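The primary structure of each chain is shown beneath.
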Amino acid sequence: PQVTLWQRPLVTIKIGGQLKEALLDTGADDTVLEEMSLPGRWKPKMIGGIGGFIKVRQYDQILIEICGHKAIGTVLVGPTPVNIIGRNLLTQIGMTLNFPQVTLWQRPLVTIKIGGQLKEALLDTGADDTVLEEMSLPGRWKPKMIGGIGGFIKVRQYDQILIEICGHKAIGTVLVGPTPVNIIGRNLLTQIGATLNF
Ligand SMILES: N[C@@H](Cc1ccc([N+](=O)[O-])cc1)C(=O)N[C@@H](CCC(=O)O)C(=O)O
Ligand SMILES: N[C@@H](Cc1ccc([N+](=O)[O-])cc1)C(=O)N[C@@H](CCC(=O)O)C(=O)O
């Protein structure tokens, strides 16, 4: 299946005998699921995201059926606001990003030019919005708060911002704030015709 990003890329998964919905998230290294019942041993672990950090339980060798496709790997269980299927499992179902074709064995980083500056950013299908590290942008902005896996952060919202993503031009909203990594979200990914394929 190929999938566009005009809507969040949700898939049905089966894990631990239970059926759940999860977001295919190219910006996540790991798979993180809402608190749920899984059998077996686990190790305490700490992961980060926008907002800060959360403690999770790490289960290994977990079988998961993602949109019918089987994969086995590490699954983290904790207080995430949404169930996320990260690259550790996306590579097993042969997921690719298309806009060039991009595989997910490494983080999908691209070079962007915005506000006259060159930066690197992560193509993130799990992000509704585009969020960049503090930087100098011209013009008016509006205060806004956004959430992520570890809580929330305050950002500055700039609209009608031109960005060149891997050579492709797009114009849209860009949030600027304390994100640990520059993220290109669906609002811009749709403009460069990015598709998720597996
Ligand atoms: N949506 C991503 C945004 C993100 C990517 C990479 C970093 N980092 O290297 O520091 C921070 C934020 C996200 O929240 N990714 C998390 C998801 C949880 C996980 O995979 O463990 C991440 O840790 O990659
Ligand atoms: N990597 C994603 C994980 C995520 C997706 C959706 C929600 N949610 O609807 O509540 C929470 C976590 C991520 O960090 N998404 C953030 C990125 C920042 C942004 O786009 O505003 C999100 O808010 O979607």
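Determination of this PDB entry was carried out by X-ray crystallography to a resolution of 1.69 Å, according to the record.

Enquirer: Quick question: what am I supposed to make of the pattern of salt bridges here?
Expert: Any two side chains of opposite charge can pair if their charged atoms end up close together. Considering all chains together, one arrives at nine salt bridges under this definition. Residue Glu 35 pairs with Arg 57 through a salt bridge whose shortest N-O separation is 2.6 Å. Separated by 22 residues along the polypeptide, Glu 35 in the loop between β4 (32–33) and β5 (43–49) and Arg 57 in strand β6 (residues 52–66) bring together distant segments of the chain. For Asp 129, the salt bridge is made with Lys 144, and the minimal N-O distance between the two is 4.0 Å. Here the residue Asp 129 occupies a position in the loop between β12 (117–123) and β13 (131–132), and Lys 144 occupies one in strand β14 (residues 142–148), the gap between them amounting to 15 residues. The exposure class of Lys 144 is partly exposed, given its relative accessible area of 27%. Residues joined by salt bridges that share partners form a network here, namely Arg 8, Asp 128 and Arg 186.

Enquirer: Please explain the site of ligand 1 as it appears in this structure.
Expert: Neighbouring residues of ligand 1: 15 residues in total, closest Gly 27, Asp 30, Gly 48, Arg 107 and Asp 124. One of the backbone nitrogen or oxygen atoms of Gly 27 is found 3.4 Å away from a nitrogen atom of ligand 1. Between ligand 1 and the protein, one listed contact pairs an oxygen atom with a backbone N or O atom of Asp 29 at 3.2 Å. Contact with the protein chains hides 82% of the accessible area of ligand 1, taken as 510 Å² for the molecule alone. In this structure the site holding ligand 1 corresponds to the largest pocket. Per-element tally for the shell around ligand 1: the top contributor is β5, with three residues. Its residues placed into classes, the shell around ligand 1 shows eight nonpolar, three polar and four charged. Three or more residues apiece are contributed to the shell around ligand 1 by two domains, here domain 1 (1–99) and domain 2 (100–198).

Enquirer: How do you make sense of the sheet that holds strand β9 (residues 96–98) when you look at a structure like this?
Expert: Hydrogen bonding along the main chain pairs the strands of a sheet, whether they run parallel or antiparallel. Here we have four strands laid out as an open sheet, ordered β1-β18-β9-β10, and antiparallel in their pairing. Bordering the open sheet on either side are β1 (2–4) and β10 (101–103), each of which pairs with just one other strand. Across this sheet, the average inter-strand angle for adjacent strands is 25 degrees, counted without regard to direction. Here β9 runs beside β10; their pairing, made up of three bridges, is antiparallel. The residue of β10 that forms the bridge with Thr 96 is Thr 103.

Enquirer: Explanation requested: the pairing of strand β11 (residues 109–114) in the structure shown.
Expert: Taken residue by residue, a regular strand's side chains alternate between the two faces of the sheet. Burial along β11 is one-sided: the face carrying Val 110, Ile 112 and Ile 114 is buried and the face carrying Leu 109, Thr 111 and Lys 113 is not. Where β11 folds back on β12, the antiparallel hairpin that results is connected by two residues, among which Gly 115 adopts a positive phi of roughly 60 degrees. As defined by bridge partners, β11 adjoins strand β15 (residues 151–165) across three bridges and the pair is classed as antiparallel. Within the sheet, the bridge partner assigned to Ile 112 lies in β15 and is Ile 165.

Here is what the cut-offs are and how they apply
Residues numbered from 1 in each chain as written, not as in the entry; some residues may be left out. Chains lettered and ligands numbered in written order. Heavy atoms only, no water. Salt bridge = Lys/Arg side-chain N within 4 Å of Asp/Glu carboxyl O. Helix = DSSP H or I, 4+ residues; strand = E, 2+ residues; numbered from the N terminus. Buried < 20%, exposed > 50% of the residue type's maximum accessible area, 1.4 Å probe, protein only. Near = heavy atom within 4 Å. Polar contact = N/O pair within 3.5 Å; in protein donor to acceptor, adjacent residues only side chain to side chain. Areas by Shrake-Rupley, 256 points an atom, 1.4 Å probe, with all protein chains shown as cover. 1 Å grid on protein atoms, 1.4 Å probe; cavity = no way out; pocket = protein on both sides within 12 Å on 5 of 7 lines; lining within 4 Å. Sits in = over half its atoms within 2 Å of the grid points. Nonpolar A, V, L, I, M, F, W, Y, C, P; charged D, E, K, R; others polar. Domains from an automatic or database assignment. Pairing = 2+ DSSP bridges. Axes fitted to C-alpha atoms, helices over the stretch in contact; angles between N-to-C directions.

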